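The form deposited in one PDB entry is given below as one chain in structure tokens.
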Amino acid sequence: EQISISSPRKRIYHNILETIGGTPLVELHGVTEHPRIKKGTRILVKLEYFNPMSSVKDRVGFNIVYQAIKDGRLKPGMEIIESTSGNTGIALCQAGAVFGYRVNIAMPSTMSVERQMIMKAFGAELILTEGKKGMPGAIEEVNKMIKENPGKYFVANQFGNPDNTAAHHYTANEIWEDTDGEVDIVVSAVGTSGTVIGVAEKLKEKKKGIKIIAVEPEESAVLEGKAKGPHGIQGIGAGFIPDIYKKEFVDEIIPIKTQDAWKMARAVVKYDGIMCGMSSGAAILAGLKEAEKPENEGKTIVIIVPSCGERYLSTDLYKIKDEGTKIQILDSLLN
């Protein structure tokens, strides 16, 4: 067979923010080579690290800040300020630099040492919190900071800001377009849940039969009624239900163990040559568990890949190695 690379975009972008979105939808083949996965069943991954700062959050940082400005909620003199688990902080720095607004961030030193190492360069100004802080380290921090410093700050409030969810109607349109309306199932690991709900509401609008599946850490299955627990899937498992979350739009929630998520992440880069992050591992494994169900035969399954594994080198993601063959590794992951 022949392999054709991408053609010219035929567009000259005015600024980096215009290169956000329109991320590639790619077929998985290596990790899908399994007896119970029919050839008619298509498993596609939507690579969000193709965004300017390699994360799905690029859509969110841009939208939150952009709307706030056109709204009047953010105006000359004020400053953006948020508390995040990583990529959101980065996307806000990217938007701030372009719009000319100084950014302020507060995150838990426990996520990924290199996310902390990106905000400075952009012109940001940090503060970081305790691990096991989960959010009281991210969230509250800014709360107090703003408090006495009145109408000077604009808080992103990613977990409750509707402009987060809204940015994903584009993610949804992209999925619908790229599959020419064949998308049957969409799988998404949840952080703020802006992606899962934003996509769900926009796709349901185009076709109600689509099944929306949320993915969360088994060690902190909060969407499934459990309590905040410790886990290693960076980017998700906030430890509480986001205000922007709407269960009515989610059909099934799948819990994934931190380790299986890492292991899946390893198989995906090894057998498909796609270097996805930790949360992507959880999303893909859950997507593969759907692909083997008898009633999903022939269906088209789209899985969001939030980030790239390179932003996790400092972690244990690629530390331990896996024994056995591919089919061997795939079996341990599915059963």
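Throughout, rigid core stands for the largest set of C-alpha atoms superposing within 1.5 Å between the two forms. Residue indices: 1-based, along the sequence shown.
K.L.:
Could you check the entry and say whether 269 to 277 or 47 to 55 has the higher mean CA B-factor?
P.N.:
Looking at the record's C-alpha B-factors, the answer is 269 to 277.
K.L.:
Give the stretch, out of 294 to 302 and 32 to 40, with the larger mean C-alpha temperature factor in the deposited entry.
P.N.:
The recorded data point to 32 to 40.
K.L.:
Pick out which of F159, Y170, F249, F122 has the highest C-alpha B-factor in the PDB entry.
P.N.:
Among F159, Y170, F249, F122, the highest C-alpha B-factor in the entry belongs to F122.
K.L.:
By the CA temperature factor listed in this entry, which of these ranks top: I210, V215, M145, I175?
P.N.:
The record points to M145.
K.L.:
Name the third of the chain's ranked CA B-factors that contains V186, choosing lowest, middle or highest.
P.N.:
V186: CA B-factor falls in the lowest third of its chain.
K.L.:
Based on the deposited C-alpha B factors for this chain, I'd like to know if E114 is in the lowest, middle or highest third.
P.N.:
As the PDB entry reports it, the C-alpha B-factor of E114 lands in the highest third of its chain.
K.L.:
Looking at the temperature factor on the CA atom of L92, which third of the chain's modelled residues does it land in?
P.N.:
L92: CA B-factor falls in the lowest third of its chain.
K.L.:
Report the third (lowest, middle or highest) to which the CA temperature factor of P108 belongs, ranking only the modelled residues of the same chain.
P.N.:
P108: CA B-factor falls in the highest third of its chain.
K.L.:
Against its chain's modelled residues, does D180's Cα B factor rank lowest, middle or highest third?
P.N.:
It falls in the bottom third of the chain.
From this point on, the text means the form deposited in another entry, which you will not see here.
K.L.:
Following superposition of the rigid core, which of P162, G232, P255, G134 is the only residue with a C-alpha displacement of 2 Å or more between the shown form and the other one?
P.N.:
By this measure, the answer is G134.
K.L.:
Tell me whether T171 is among the residues that move between the shown form and the other one (Cα shift of 2 angstroms or more, core superposed).
P.N.:
Not so; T171 is displaced by less than 2 Å.
K.L.:
Would you say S112 moves between the shown form and the other one, meaning its CA shifts by 2 Å or more once the core is fitted?
P.N.:
It does, since the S112 C-alpha is displaced 2 Å or more between the shown form and the other one after the core fit.
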